>>> print(open('upload.cif').read())   # mmCIF, N, CA and C atoms
data_model
#
loop_
_atom_site.label_atom_id
_atom_site.label_comp_id
_atom_site.auth_asym_id
_atom_site.auth_seq_id
_atom_site.Cartn_x
_atom_site.Cartn_y
_atom_site.Cartn_z
N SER O 1856 -190.61 96.01 32.36
CA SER O 1856 -191.83 96.30 33.22
C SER O 1856 -192.42 94.96 33.66
N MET O 1857 -193.61 94.98 34.29
CA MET O 1857 -194.29 93.74 34.73
C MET O 1857 -194.47 92.64 33.70
N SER O 1858 -193.85 91.46 33.96
CA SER O 1858 -193.86 90.31 33.00
C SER O 1858 -193.11 90.61 31.61
N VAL O 1859 -192.24 91.60 31.58
CA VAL O 1859 -191.45 92.02 30.36
C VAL O 1859 -190.01 92.26 30.77
N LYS O 1860 -189.15 91.27 30.46
CA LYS O 1860 -187.73 91.33 30.92
C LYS O 1860 -186.77 91.23 29.79
N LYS O 1861 -185.73 92.08 29.79
CA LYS O 1861 -184.51 91.89 28.95
C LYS O 1861 -183.91 90.52 29.20
N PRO O 1862 -183.18 89.97 28.22
CA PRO O 1862 -182.50 88.67 28.42
C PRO O 1862 -181.50 88.61 29.65
N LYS O 1863 -181.50 87.47 30.38
CA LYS O 1863 -180.67 87.30 31.61
C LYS O 1863 -179.12 87.26 31.33
N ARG O 1864 -178.41 88.40 31.46
CA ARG O 1864 -176.90 88.44 31.69
C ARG O 1864 -176.39 87.47 32.81
N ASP O 1865 -175.38 86.64 32.49
CA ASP O 1865 -174.90 85.61 33.43
C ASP O 1865 -174.00 86.34 34.44
N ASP O 1866 -174.45 86.37 35.68
CA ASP O 1866 -173.72 87.10 36.76
C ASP O 1866 -173.11 86.15 37.77
N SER O 1867 -173.11 84.85 37.46
CA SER O 1867 -172.74 83.82 38.45
C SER O 1867 -171.22 83.78 38.78
N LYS O 1868 -170.41 84.31 37.88
CA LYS O 1868 -168.97 84.46 38.08
C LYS O 1868 -168.51 85.84 38.57
N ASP O 1869 -169.46 86.74 38.81
CA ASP O 1869 -169.08 88.13 39.19
C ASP O 1869 -168.26 88.16 40.49
N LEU O 1870 -168.70 87.42 41.50
CA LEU O 1870 -168.06 87.38 42.85
C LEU O 1870 -166.59 86.97 42.75
N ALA O 1871 -166.34 85.89 42.03
CA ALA O 1871 -165.01 85.42 41.76
C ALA O 1871 -164.15 86.34 40.97
N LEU O 1872 -164.70 86.93 39.94
CA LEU O 1872 -163.95 87.86 39.13
C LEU O 1872 -163.61 89.25 39.89
N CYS O 1873 -164.57 89.76 40.67
CA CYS O 1873 -164.27 90.98 41.49
C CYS O 1873 -163.13 90.65 42.54
N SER O 1874 -163.19 89.44 43.13
CA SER O 1874 -162.10 88.95 44.01
C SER O 1874 -160.72 88.90 43.32
N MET O 1875 -160.67 88.44 42.07
CA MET O 1875 -159.45 88.45 41.31
C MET O 1875 -158.91 89.81 41.01
N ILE O 1876 -159.77 90.70 40.56
CA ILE O 1876 -159.39 92.09 40.35
C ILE O 1876 -158.82 92.72 41.66
N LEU O 1877 -159.49 92.46 42.76
CA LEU O 1877 -159.14 93.05 44.06
C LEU O 1877 -157.76 92.50 44.47
N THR O 1878 -157.49 91.20 44.21
CA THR O 1878 -156.15 90.59 44.48
C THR O 1878 -155.08 91.30 43.69
N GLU O 1879 -155.34 91.62 42.44
CA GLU O 1879 -154.40 92.29 41.59
C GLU O 1879 -154.14 93.71 42.09
N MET O 1880 -155.18 94.36 42.57
CA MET O 1880 -155.02 95.74 43.12
C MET O 1880 -154.20 95.67 44.44
N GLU O 1881 -154.51 94.71 45.32
CA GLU O 1881 -153.79 94.50 46.56
C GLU O 1881 -152.27 94.24 46.38
N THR O 1882 -151.88 93.62 45.29
CA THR O 1882 -150.50 93.22 45.06
C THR O 1882 -149.74 94.22 44.16
N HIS O 1883 -150.34 95.31 43.69
CA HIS O 1883 -149.68 96.33 42.90
C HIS O 1883 -148.70 97.07 43.82
N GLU O 1884 -147.53 97.40 43.30
CA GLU O 1884 -146.57 98.13 44.13
C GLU O 1884 -147.01 99.46 44.64
N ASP O 1885 -147.92 100.15 43.96
CA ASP O 1885 -148.41 101.44 44.38
C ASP O 1885 -149.73 101.34 45.27
N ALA O 1886 -150.04 100.18 45.77
CA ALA O 1886 -151.23 99.96 46.60
C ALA O 1886 -151.05 100.47 48.04
N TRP O 1887 -149.78 100.63 48.49
CA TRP O 1887 -149.51 100.90 49.92
C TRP O 1887 -150.32 102.01 50.59
N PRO O 1888 -150.67 103.12 49.88
CA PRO O 1888 -151.52 104.12 50.60
C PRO O 1888 -152.92 103.68 50.91
N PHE O 1889 -153.33 102.55 50.31
CA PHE O 1889 -154.78 102.13 50.19
C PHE O 1889 -155.09 100.80 50.89
N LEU O 1890 -154.09 100.11 51.42
CA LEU O 1890 -154.24 98.74 51.95
C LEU O 1890 -155.09 98.69 53.24
N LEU O 1891 -154.97 99.73 54.05
CA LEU O 1891 -155.63 99.84 55.38
C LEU O 1891 -156.35 101.14 55.55
N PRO O 1892 -157.36 101.20 56.45
CA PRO O 1892 -158.01 102.44 56.72
C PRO O 1892 -157.05 103.53 57.24
N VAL O 1893 -157.27 104.76 56.79
CA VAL O 1893 -156.47 105.94 57.26
C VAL O 1893 -156.74 106.04 58.76
N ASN O 1894 -155.67 106.27 59.54
CA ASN O 1894 -155.81 106.31 61.00
C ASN O 1894 -156.38 107.72 61.39
N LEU O 1895 -157.64 107.73 61.76
CA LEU O 1895 -158.37 108.96 62.04
C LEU O 1895 -157.93 109.69 63.29
N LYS O 1896 -157.21 109.01 64.18
CA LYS O 1896 -156.60 109.65 65.36
C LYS O 1896 -155.29 110.32 65.00
N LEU O 1897 -154.59 109.83 63.98
CA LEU O 1897 -153.27 110.33 63.70
C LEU O 1897 -153.16 111.22 62.50
N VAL O 1898 -154.24 111.43 61.72
CA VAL O 1898 -154.12 112.22 60.48
C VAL O 1898 -155.11 113.34 60.59
N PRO O 1899 -154.58 114.53 60.92
CA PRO O 1899 -155.41 115.73 61.08
C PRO O 1899 -156.20 116.06 59.84
N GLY O 1900 -157.44 116.39 60.06
CA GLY O 1900 -158.32 116.85 58.96
C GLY O 1900 -159.13 115.71 58.34
N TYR O 1901 -158.62 114.47 58.46
CA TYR O 1901 -159.23 113.33 57.63
C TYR O 1901 -160.64 113.03 57.99
N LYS O 1902 -160.86 112.93 59.30
CA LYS O 1902 -162.19 112.63 59.82
C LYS O 1902 -163.26 113.60 59.36
N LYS O 1903 -162.97 114.89 59.47
CA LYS O 1903 -163.95 115.93 59.09
C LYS O 1903 -164.17 116.12 57.61
N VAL O 1904 -163.09 116.01 56.85
CA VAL O 1904 -163.14 116.30 55.45
C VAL O 1904 -163.67 115.12 54.63
N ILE O 1905 -163.31 113.89 55.01
CA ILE O 1905 -163.61 112.68 54.11
C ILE O 1905 -164.80 111.96 54.71
N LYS O 1906 -165.95 112.22 54.11
CA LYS O 1906 -167.22 111.84 54.73
C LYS O 1906 -167.44 110.30 54.69
N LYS O 1907 -166.90 109.64 53.66
CA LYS O 1907 -166.96 108.20 53.59
C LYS O 1907 -165.60 107.54 53.33
N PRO O 1908 -164.85 107.22 54.38
CA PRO O 1908 -163.52 106.60 54.19
C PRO O 1908 -163.70 105.22 53.57
N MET O 1909 -162.76 104.85 52.69
CA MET O 1909 -162.79 103.47 52.10
C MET O 1909 -161.34 103.07 51.81
N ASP O 1910 -161.06 101.77 51.87
CA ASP O 1910 -159.73 101.19 51.69
C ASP O 1910 -159.90 99.75 51.17
N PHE O 1911 -158.82 99.16 50.65
CA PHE O 1911 -158.88 97.79 50.08
C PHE O 1911 -159.24 96.73 51.10
N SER O 1912 -158.73 96.81 52.35
CA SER O 1912 -159.08 95.81 53.38
C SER O 1912 -160.57 95.77 53.75
N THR O 1913 -161.19 96.93 53.79
CA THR O 1913 -162.58 97.14 54.05
C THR O 1913 -163.41 96.61 52.87
N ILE O 1914 -162.95 96.85 51.65
CA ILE O 1914 -163.65 96.26 50.46
C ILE O 1914 -163.54 94.76 50.51
N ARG O 1915 -162.36 94.22 50.88
CA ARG O 1915 -162.16 92.77 50.92
C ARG O 1915 -163.09 92.09 51.97
N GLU O 1916 -163.25 92.70 53.11
CA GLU O 1916 -164.15 92.18 54.15
C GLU O 1916 -165.65 92.24 53.69
N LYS O 1917 -166.06 93.36 53.08
CA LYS O 1917 -167.42 93.49 52.53
C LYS O 1917 -167.66 92.40 51.44
N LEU O 1918 -166.70 92.22 50.55
CA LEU O 1918 -166.81 91.23 49.48
C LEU O 1918 -166.99 89.79 50.05
N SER O 1919 -166.12 89.43 50.98
CA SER O 1919 -166.13 88.14 51.62
C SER O 1919 -167.36 87.83 52.46
N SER O 1920 -168.17 88.80 52.85
CA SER O 1920 -169.27 88.63 53.77
C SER O 1920 -170.64 88.98 53.15
N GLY O 1921 -170.69 89.01 51.79
CA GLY O 1921 -171.96 89.31 51.06
C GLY O 1921 -172.57 90.60 51.28
N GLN O 1922 -171.72 91.64 51.43
CA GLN O 1922 -172.26 93.00 51.60
C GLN O 1922 -172.27 93.84 50.28
N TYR O 1923 -171.78 93.27 49.19
CA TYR O 1923 -172.08 93.85 47.82
C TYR O 1923 -173.27 93.15 47.09
N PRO O 1924 -174.36 93.89 46.89
CA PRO O 1924 -175.48 93.25 46.18
C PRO O 1924 -175.20 93.01 44.73
N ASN O 1925 -174.33 93.80 44.08
CA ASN O 1925 -174.02 93.51 42.66
C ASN O 1925 -172.65 94.12 42.27
N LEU O 1926 -172.16 93.84 41.06
CA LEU O 1926 -170.78 94.31 40.71
C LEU O 1926 -170.68 95.88 40.67
N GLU O 1927 -171.77 96.62 40.40
CA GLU O 1927 -171.71 98.07 40.41
C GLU O 1927 -171.46 98.70 41.80
N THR O 1928 -172.00 98.10 42.86
CA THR O 1928 -171.76 98.60 44.20
C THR O 1928 -170.28 98.34 44.54
N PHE O 1929 -169.70 97.24 44.08
CA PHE O 1929 -168.24 96.95 44.28
C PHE O 1929 -167.40 98.06 43.60
N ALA O 1930 -167.72 98.39 42.34
CA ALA O 1930 -166.92 99.41 41.58
C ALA O 1930 -167.06 100.78 42.25
N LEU O 1931 -168.24 101.10 42.80
CA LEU O 1931 -168.44 102.39 43.51
C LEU O 1931 -167.47 102.56 44.72
N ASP O 1932 -167.29 101.50 45.51
CA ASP O 1932 -166.35 101.53 46.64
C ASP O 1932 -164.90 101.62 46.19
N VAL O 1933 -164.50 100.89 45.13
CA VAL O 1933 -163.14 100.99 44.60
C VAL O 1933 -162.93 102.48 44.18
N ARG O 1934 -163.86 103.04 43.37
CA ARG O 1934 -163.69 104.44 42.89
C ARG O 1934 -163.66 105.42 44.05
N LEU O 1935 -164.44 105.16 45.12
CA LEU O 1935 -164.44 105.99 46.33
C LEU O 1935 -163.03 106.10 46.94
N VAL O 1936 -162.28 104.98 46.89
CA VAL O 1936 -160.91 104.97 47.41
C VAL O 1936 -160.07 106.06 46.63
N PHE O 1937 -160.25 106.12 45.30
CA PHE O 1937 -159.48 107.05 44.50
C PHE O 1937 -159.93 108.49 44.53
N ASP O 1938 -161.23 108.68 44.62
CA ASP O 1938 -161.84 109.97 44.82
C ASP O 1938 -161.49 110.60 46.13
N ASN O 1939 -161.49 109.81 47.19
CA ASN O 1939 -161.00 110.31 48.50
C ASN O 1939 -159.52 110.71 48.43
N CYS O 1940 -158.71 109.89 47.78
CA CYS O 1940 -157.29 110.19 47.65
C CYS O 1940 -157.07 111.55 46.93
N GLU O 1941 -157.81 111.78 45.85
CA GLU O 1941 -157.70 113.08 45.12
C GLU O 1941 -158.20 114.28 45.94
N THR O 1942 -159.22 114.06 46.77
CA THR O 1942 -159.73 115.09 47.68
C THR O 1942 -158.69 115.57 48.71
N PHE O 1943 -157.86 114.67 49.20
CA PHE O 1943 -156.95 114.96 50.29
C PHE O 1943 -155.49 115.16 49.94
N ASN O 1944 -155.06 114.75 48.75
CA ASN O 1944 -153.64 114.70 48.41
C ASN O 1944 -153.42 115.54 47.11
N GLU O 1945 -152.32 116.28 47.11
CA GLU O 1945 -151.87 116.97 45.90
C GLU O 1945 -151.54 115.93 44.78
N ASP O 1946 -151.91 116.26 43.54
CA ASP O 1946 -151.46 115.45 42.32
C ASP O 1946 -149.92 115.18 42.26
N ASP O 1947 -149.13 116.19 42.60
CA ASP O 1947 -147.68 116.09 42.61
C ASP O 1947 -147.13 115.69 44.01
N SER O 1948 -147.51 114.50 44.44
CA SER O 1948 -147.07 113.89 45.72
C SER O 1948 -146.95 112.43 45.40
N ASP O 1949 -146.22 111.67 46.19
CA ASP O 1949 -146.19 110.25 45.93
C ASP O 1949 -147.60 109.61 46.04
N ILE O 1950 -148.37 110.00 47.04
CA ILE O 1950 -149.68 109.35 47.29
C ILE O 1950 -150.63 109.77 46.19
N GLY O 1951 -150.54 111.03 45.76
CA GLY O 1951 -151.44 111.60 44.71
C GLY O 1951 -151.18 110.85 43.38
N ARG O 1952 -149.93 110.61 43.03
CA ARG O 1952 -149.56 109.88 41.83
C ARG O 1952 -149.96 108.39 41.93
N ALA O 1953 -149.75 107.80 43.11
CA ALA O 1953 -150.21 106.44 43.38
C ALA O 1953 -151.67 106.29 43.05
N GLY O 1954 -152.49 107.20 43.52
CA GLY O 1954 -153.92 107.12 43.27
C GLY O 1954 -154.34 107.22 41.85
N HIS O 1955 -153.69 108.12 41.10
CA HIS O 1955 -153.95 108.16 39.65
C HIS O 1955 -153.56 106.90 38.97
N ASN O 1956 -152.38 106.31 39.29
CA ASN O 1956 -151.92 105.07 38.70
C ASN O 1956 -152.89 103.88 38.97
N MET O 1957 -153.30 103.76 40.24
CA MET O 1957 -154.23 102.69 40.65
C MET O 1957 -155.60 102.77 39.98
N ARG O 1958 -156.10 103.96 39.83
CA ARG O 1958 -157.41 104.19 39.20
C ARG O 1958 -157.33 103.75 37.72
N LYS O 1959 -156.28 104.26 37.04
CA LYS O 1959 -155.99 103.71 35.67
C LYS O 1959 -155.91 102.20 35.56
N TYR O 1960 -155.09 101.52 36.39
CA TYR O 1960 -154.99 100.10 36.46
C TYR O 1960 -156.34 99.40 36.68
N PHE O 1961 -157.13 99.90 37.64
CA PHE O 1961 -158.46 99.33 37.94
C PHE O 1961 -159.44 99.42 36.73
N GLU O 1962 -159.45 100.57 36.09
CA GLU O 1962 -160.45 100.87 35.08
C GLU O 1962 -160.21 100.01 33.82
N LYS O 1963 -158.94 99.73 33.51
CA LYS O 1963 -158.62 98.80 32.45
C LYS O 1963 -159.05 97.33 32.75
N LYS O 1964 -158.73 96.83 33.95
CA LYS O 1964 -159.16 95.49 34.37
C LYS O 1964 -160.67 95.38 34.36
N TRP O 1965 -161.36 96.44 34.74
CA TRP O 1965 -162.82 96.47 34.83
C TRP O 1965 -163.46 96.31 33.40
N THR O 1966 -163.04 97.16 32.49
CA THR O 1966 -163.38 97.11 31.06
C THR O 1966 -163.03 95.78 30.42
N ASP O 1967 -161.79 95.30 30.57
CA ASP O 1967 -161.41 94.03 29.98
C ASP O 1967 -162.15 92.83 30.53
N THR O 1968 -162.49 92.83 31.83
CA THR O 1968 -163.20 91.70 32.42
C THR O 1968 -164.72 91.68 32.11
N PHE O 1969 -165.37 92.83 32.03
CA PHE O 1969 -166.84 92.92 32.06
C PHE O 1969 -167.47 93.67 30.84
N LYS O 1970 -166.71 94.37 29.99
CA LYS O 1970 -167.28 95.28 28.94
C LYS O 1970 -166.74 94.96 27.52
#
>>> encode(input="upload.cif", output="structure tokens")
Amino acid sequence: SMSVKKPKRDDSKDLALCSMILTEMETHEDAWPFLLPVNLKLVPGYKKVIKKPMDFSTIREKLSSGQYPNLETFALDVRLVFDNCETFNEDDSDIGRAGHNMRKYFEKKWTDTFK
């Protein structure tokens, strides 16, 4: 509350560490469904059904240009990529399995780096 603060957590390396995690996600073999925005002219249903599209390139541009105020807003966009994938793709598809694998990979790096 006013003039009463918990001790200051060091957040000065967060930007660098989220960049490293994102590099690792970009270079995973199962990243291919997620590297670029889904083409809304060529994929029927996507525009109407997926209210907030997100992809790794879009996260990388936001990260590089100071559009994440803190590490939690970064994790929300990464998880959005996987939540959108589950909304649109069957679990038993290559893309559906890719998304489960990537979410697992991300969540371990997130815990090991910050928790």
>>> residues_around(input="upload.cif", residues="region 1930-1937 of chain O", least_positions_apart="5", cutoff="6.5 Å", atoms="all atoms listed in the file", output="list in words")
residues 1909, 1910, 1942, 1954 and 1958 of chain O
>>> atom_distance(input="upload.cif", atom1="CA of residue 1876 (chain O)", atom2="CA of residue 1938 (chain O)")
18.6 Å
>>> atom_distance(input="upload.cif", atom1="CA of residue 1906 (chain O)", atom2="CA of residue 1928 (chain O)")
17.5 Å
>>> resolve_selection(input="upload.cif", expression="the PyMOL selection byres ((chain O and resi 1888-1897) around 5)", output="PDB file with N, CA and C atoms, keeping the file's coordinate frame")
ATOM      1  N   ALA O1886    -150.040 100.180  45.770  1.00  0.00           N
ATOM      2  CA  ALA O1886    -151.230  99.960  46.600  1.00  0.00           C
ATOM      3  C   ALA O1886    -151.050 100.470  48.040  1.00  0.00           C
ATOM      4  N   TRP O1887    -149.780 100.630  48.490  1.00  0.00           N
ATOM      5  CA  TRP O1887    -149.510 100.900  49.920  1.00  0.00           C
ATOM      6  C   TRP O1887    -150.320 102.010  50.590  1.00  0.00           C
ATOM      7  N   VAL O1898    -154.240 111.430  61.720  1.00  0.00           N
ATOM      8  CA  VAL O1898    -154.120 112.220  60.480  1.00  0.00           C
ATOM      9  C   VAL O1898    -155.110 113.340  60.590  1.00  0.00           C
ATOM     10  N   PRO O1899    -154.580 114.530  60.920  1.00  0.00           N
ATOM     11  CA  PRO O1899    -155.410 115.730  61.080  1.00  0.00           C
ATOM     12  C   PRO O1899    -156.200 116.060  59.840  1.00  0.00           C
ATOM     13  N   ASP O1910    -161.060 101.770  51.870  1.00  0.00           N
ATOM     14  CA  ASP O1910    -159.730 101.190  51.690  1.00  0.00           C
ATOM     15  C   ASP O1910    -159.900  99.750  51.170  1.00  0.00           C
ATOM     16  N   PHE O1911    -158.820  99.160  50.650  1.00  0.00           N
ATOM     17  CA  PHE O1911    -158.880  97.790  50.080  1.00  0.00           C
ATOM     18  C   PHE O1911    -159.240  96.730  51.100  1.00  0.00           C
ATOM     19  N   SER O1912    -158.730  96.810  52.350  1.00  0.00           N
ATOM     20  CA  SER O1912    -159.080  95.810  53.380  1.00  0.00           C
ATOM     21  C   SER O1912    -160.570  95.770  53.750  1.00  0.00           C
TER      22      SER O1912
END
>>> atom_distance(input="upload.cif", atom1="atom N of residue 1941 (chain O)", atom2="atom N of residue 1869 (chain O)")
28.5 Å
>>> residues_around(input="upload.cif", residues="residue 1915 (chain O)", least_positions_apart="6", cutoff="10 Å", atoms="only C-alpha atoms", output="ChimeraX atom specification")
/O:1873-1874,1877-1878,1881,1890,1929
>>> axis_aligned_box(input="upload.cif", around="region 1908-1923 of chain O", padding_each_side="6 Å", output="AutoDock Vina command-line options")
--center_x -166.0 --center_y 97.5 --center_z 50.7 --size_x 26.5 --size_y 31.4 --size_z 19.3
>>> select_by_dssp(input="upload.cif", residues="chain O", states="helix (DSSP H, G or I)", output="MDAnalysis selection string")
chainID O and resid 1869:1881 1884:1889 1901:1904 1911:1919 1926:1943 1949:1969
>>> closest_residue(input="upload.cif", among="O:1879, O:1926, O:1944, O:1939", to="residue 1963 (chain O)", atoms="only C-alpha atoms")
O:1879
>>> decode(input="upload.cif", residues="region 1889-1957 of chain O", atoms="C-alpha atoms", output="JSON list (two decimals), in the first residue's frame")
[["chain", "number", "residue", "atom", "x", "y", "z"],
["O", 1889, "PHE", "CA", 3.92, -20.74, -35.34],
["O", 1890, "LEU", "CA", 6.77, -18.77, -37.04],
["O", 1891, "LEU", "CA", 4.48, -16.40, -39.05],
["O", 1892, "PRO", "CA", 0.97, -15.04, -38.81],
["O", 1893, "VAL", "CA", -1.77, -17.37, -40.20],
["O", 1894, "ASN", "CA", -2.74, -16.04, -43.64],
["O", 1895, "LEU", "CA", -6.30, -14.73, -43.05],
["O", 1896, "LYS", "CA", -7.06, -14.57, -46.80],
["O", 1897, "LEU", "CA", -6.11, -18.18, -47.39],
["O", 1898, "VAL", "CA", -7.37, -20.06, -44.29],
["O", 1899, "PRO", "CA", -11.15, -20.28, -44.09],
["O", 1900, "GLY", "CA", -12.71, -19.74, -40.71],
["O", 1901, "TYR", "CA", -9.53, -18.28, -39.04],
["O", 1902, "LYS", "CA", -10.45, -14.65, -39.10],
["O", 1903, "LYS", "CA", -13.90, -15.14, -37.55],
["O", 1904, "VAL", "CA", -13.10, -17.81, -35.05],
["O", 1905, "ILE", "CA", -9.68, -16.64, -33.63],
["O", 1906, "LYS", "CA", -10.34, -13.31, -32.03],
["O", 1907, "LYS", "CA", -6.68, -12.56, -31.19],
["O", 1908, "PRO", "CA", -4.16, -14.10, -33.64],
["O", 1909, "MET", "CA", -0.57, -14.41, -32.30],
["O", 1910, "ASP", "CA", 2.67, -15.91, -33.69],
["O", 1911, "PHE", "CA", 6.42, -15.94, -32.82],
["O", 1912, "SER", "CA", 7.37, -13.21, -35.37],
["O", 1913, "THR", "CA", 4.77, -10.84, -33.91],
["O", 1914, "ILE", "CA", 6.03, -11.59, -30.35],
["O", 1915, "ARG", "CA", 9.61, -10.96, -31.52],
["O", 1916, "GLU", "CA", 8.69, -7.54, -33.01],
["O", 1917, "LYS", "CA", 6.72, -6.55, -29.81],
["O", 1918, "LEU", "CA", 9.69, -7.65, -27.64],
["O", 1919, "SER", "CA", 12.23, -5.71, -29.73],
["O", 1920, "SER", "CA", 10.17, -2.47, -29.68],
["O", 1921, "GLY", "CA", 9.23, -2.21, -25.92],
["O", 1922, "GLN", "CA", 5.67, -3.27, -26.25],
["O", 1923, "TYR", "CA", 5.83, -5.76, -23.29],
["O", 1924, "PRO", "CA", 5.55, -3.87, -19.98],
["O", 1925, "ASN", "CA", 6.65, -6.92, -17.95],
["O", 1926, "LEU", "CA", 7.53, -10.67, -18.24],
["O", 1927, "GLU", "CA", 3.87, -11.74, -17.51],
["O", 1928, "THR", "CA", 2.48, -9.92, -20.59],
["O", 1929, "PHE", "CA", 5.21, -11.77, -22.67],
["O", 1930, "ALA", "CA", 4.08, -15.21, -21.26],
["O", 1931, "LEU", "CA", 0.40, -14.34, -22.01],
["O", 1932, "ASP", "CA", 1.19, -13.85, -25.76],
["O", 1933, "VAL", "CA", 3.29, -17.06, -25.94],
["O", 1934, "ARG", "CA", 0.37, -19.03, -24.28],
["O", 1935, "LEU", "CA", -2.10, -17.31, -26.68],
["O", 1936, "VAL", "CA", -0.18, -18.90, -29.59],
["O", 1937, "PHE", "CA", -0.88, -22.38, -28.07],
["O", 1938, "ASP", "CA", -4.43, -21.71, -27.01],
["O", 1939, "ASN", "CA", -5.29, -20.53, -30.51],
["O", 1940, "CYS", "CA", -3.68, -23.65, -31.96],
["O", 1941, "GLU", "CA", -5.85, -25.92, -29.71],
["O", 1942, "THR", "CA", -8.99, -23.91, -30.66],
["O", 1943, "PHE", "CA", -8.49, -24.53, -34.38],
["O", 1944, "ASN", "CA", -6.65, -27.85, -34.76],
["O", 1945, "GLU", "CA", -7.48, -31.44, -33.77],
["O", 1946, "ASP", "CA", -5.13, -32.99, -31.06],
["O", 1947, "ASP", "CA", -4.43, -35.89, -33.49],
["O", 1948, "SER", "CA", -2.95, -33.75, -36.35],
["O", 1949, "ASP", "CA", 0.61, -32.75, -36.96],
["O", 1950, "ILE", "CA", -0.13, -29.08, -36.05],
["O", 1951, "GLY", "CA", -2.19, -30.11, -32.96],
["O", 1952, "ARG", "CA", 0.70, -32.28, -31.67],
["O", 1953, "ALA", "CA", 3.22, -29.53, -32.50],
["O", 1954, "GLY", "CA", 1.32, -27.14, -30.28],
["O", 1955, "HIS", "CA", 1.21, -29.48, -27.33],
["O", 1956, "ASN", "CA", 4.95, -30.16, -27.66],
["O", 1957, "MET", "CA", 5.83, -26.43, -27.88]]
